[PDB]
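Peer 1: Got a sequence here, can you build the structure:
(one chain, ligands or ions: 2)
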Amino acid sequence: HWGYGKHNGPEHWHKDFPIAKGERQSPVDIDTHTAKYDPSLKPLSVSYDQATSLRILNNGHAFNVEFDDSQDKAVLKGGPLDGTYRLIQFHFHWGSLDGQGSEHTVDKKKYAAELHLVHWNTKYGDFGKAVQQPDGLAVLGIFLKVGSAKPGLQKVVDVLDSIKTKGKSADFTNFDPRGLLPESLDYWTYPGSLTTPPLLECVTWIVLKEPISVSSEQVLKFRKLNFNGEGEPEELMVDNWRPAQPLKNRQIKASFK
Ligand SMILES: NS(=O)(=O)c1c(F)c(F)c(S(=O)(=O)CCO)c(NCc2ccccc2)c1F
Ligand SMILES: [Zn+2]
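Peer 2: Numbering: from 1, shown residues only. Ligands and ions are numbered 1, 2, ... in the order given. For reference, the structure is listed below:
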């Protein structure tokens, strides 16, 4: 039932998922001036050398690229984190227009899209158990602006027409997610939630300061996907983002300046 329209969009979610109005919801606006510099935050460790992508799927809300997370192959550690988080999937949120699309904002600025690389804490043994814990997930968020092409995104853009509608999937092997990373790993971090239902409050958010650039043609291809299944009337998969939620009693910490 939930989705991103007038009748089932983010403002309706609280009726099925009351945690929507909870104490640590995401995304948030990142006010760069009042984010607190913390010189004890460690550099983020992104070890994606042994990553094994498996498959790409249209789940009716976004497309996921899923990875084999049955061993420590692509992990996030360090930064604000304790222990090892294993990469399970990444996906994006994007707009109908280049002027919106991101879930987090920076001094109220929206970006054209936002990448989420979702990782789960290996001390909970799998993703389903991790989401039930306040430190179960670490999500690395990367903003996309429109400008030059991101060559490491093209393999993703080129498969999308094979997963146009809800429920479609395709083999997606040997995709290297290091090709989606900007040069700097400077980040903001705060405790928050999944930004889609069930909206569980289980996420340490790690949001990179530096956006990657993708071309207008790359982001246009995301907008040709469909929220509907093959049987049904075409509804373009656009504006699949949740707006900024109240920061409430939280401080966003910065790894820099
Ligand atoms: N926007 S978010 O980064 O906060 C986020 C997650 F953190 C996340 F873990 C997931 S996941 O739990 O479903 C990964 C499971 O393999 C999704 N969304 C994925 C999804 C898939 C099907 C239906 C709904 C959501 C997701 F959207
Ligand atoms: Zn997301």
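Peer 1: can you give me the strands for the stretch 1-150 of the chain?
Peer 2: Secondary structure of the stretch 1-150 of the chain (DSSP state E, counting those that start in this stretch): strands at 29-30, 36-37, 44-47, 53-58, 63-67, 75-78, 85-94, 105-106, 113-121, 137-146.
Peer 1: who does the third one touch, helix- and strand-wise?
Peer 2: Read that as strand 44-47. strand 75-78 (3 or more C-beta pairs under 8 Å, 6 or more residues apart in numbering; DSSP states H and E). Heads up, the C-betas are built off the backbone N, CA and C, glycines and all.
Peer 1: And the closest residue to residue 226 other than its chain neighbours, how far from residue 225?
Peer 2: Leaving out its chain neighbours, the residue that sits closest to residue 226 by C-beta to C-beta, 6 or more residues apart in numbering is residue 165, at 4.6 Å. Using C-beta to C-beta, to the nearest Å, residue 165 is found at 8 Å from residue 225.
Peer 1: do residue 40 as well
Peer 2: In this structure, residue 40 and residue 225 are 42 Å apart, going by C-beta to C-beta.
Peer 1: the more surrounded of those two?
Peer 2: Using other C-beta atoms under 10 Å as the criterion, residue 40 and residue 225 rank with residue 225 on top: 22 against 7.
Peer 1: Tell me which residues of the one helix or strand residue 204 maps to come out buried.
Peer 2: Using DSSP states H and E, residue 204 falls within strand 203-208. For strand 203-208, the neighbour count (16 or more other C-beta atoms under 10 Å) marks 203, 204, 205, 206, 207, 208 as buried.
Peer 1: Surely the first one and residue 138 touch.
Peer 2: By that I understand residue 203. Yes - using C-beta atoms under 8 Å, residue 203 makes contact with residue 138 at a distance of 7.3 Å.
Peer 1: Correct me if wrong: the residue nearest to residue 226 contacts residue 58.
Peer 2: Yes - with contact defined as C-beta under 8 Å, residue 165 reaches residue 58; the gap is 6.3 Å.
Peer 1: Look at the two and report which has more neighbours.
Peer 2: Neighbours were counted for residue 165 and for residue 58 using other C-beta under 10 Å; residue 58 has more, 23 against 18.
Peer 1: Skipping its backbone neighbours, what lies nearest the more buried one in space?
Peer 2: residue 163 (4.3 Å).
Peer 1: hey, what's the residue of the stretch 101-250 of the chain found nearest ligand 1 bridged with?
Peer 2: Using C-beta to the nearest ligand atom, the closest approach of the stretch 101-250 of the chain to ligand 1 is made by residue 116 at 3.5 Å. Beta-bridge partners for residue 116, by DSSP bridges, are residue 91, residue 141.
Peer 1: returning to what we had before: which stretch of helix or strand covers the residue nearest to residue 226?
Peer 2: Going by DSSP H and E, residue 165 is not in any helix or strand.
Peer 1: Name the residues of the protein found near ligand 1, please.
Peer 2: 59, 61, 64, 88-89, 116, 118, 127, 137, 139, 194-196 (C-beta under 6 Å from any ligand atom).
Peer 1: Which of those sits closest to residue 19?
Peer 2: Nearest to residue 19 out of these is residue 194 (C-beta to C-beta; 9.4 Å).
Peer 1: Shouldn't the closest one be within a strand?
Peer 2: No - according to DSSP: H, G, I helix; E, B strand; the rest coil, residue 194 belongs to no strand; its state is coil.
Peer 1: can you count the residues close to it?
Peer 2: 21.
Peer 1: Show the contacting residues for it.
Peer 2: 26, 131, 137, 200, 202, 203 (C-beta atoms under 8 Å, 6 or more residues apart in numbering).
Peer 1: Could you check how far the first one is from residue 105?
Peer 2: Translated: residue 26. 12 Å.
Peer 1: Comparing those two, which shows the higher neighbour count?
Peer 2: Neighbour count, other C-beta under 10 Å: between residue 26 and residue 105, residue 26 has more, with 22 against 19.
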